[PDB]
């Protein structure tokens, strides 16, 4: 099981593992009441009637590289398991999300988009050089890192079941979410679709509350 989607300038969402498939929900559901067409139909039935427990039996592990401001929003999803790169224990790499100029179109900035991008690059560089200077000076990493900006990239593993993934997408795959987290949500959705096509289609048709998928 492997898929990797690149996101933003340096980010990604990578599928590490998966347990089960659409039929894992069918099998869990069928236990209640003690054929391809009827199995597809049952998935559509569960989704329509809001019986989402059978989808908890499908599980994913992702490996994600995202800016801290993205990761912070993401880790609000409590029904999941995380392990994240540590700024207390690791020397942090010079990797920051610098938005492209096209990210500001629609907005009428009094300076050109290219200069916004550059100003972001500049402050980031200054902050990172300060962080290094502090570390080289003997300041512990856990203190030195507090000067680094929220666009610093972090990495995490994320284990999450299909039900929680549907909740995650209802919130994040939506135009009211910040564009950057939308991009990550589209990548999660794309992988979900690949691995669980019937669940994903049913989700879209019956349960999905957002407007971008």
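Residue numbers count along the first chain shown, from 1.
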item: Length class of the unmodelled deposited segment, which would lie between residue 34 and residue 35; value: 4 to 9
item: Of 54-62 and 22-30, the stretch whose C-alpha atoms average the higher B-factor in the entry; value: 22-30
item: 153-161 set against 174-182, stretch whose average Cα temperature factor tops the other in the entry; value: 174-182
item: Deposited CA B-factor, highest of 74, 96, 89, 131; value: 89
item: Selection by C-alpha B-factor (highest) of 103, 126, 141, 78; value: 103
item: Chain-relative CA temperature factor third for residue 204; value: highest
item: B-factor third for the C-alpha atom of residue 121 within its chain; value: middle
item: Third of the chain, ranked by Cα B-factor, where residue 169 sits; value: middle
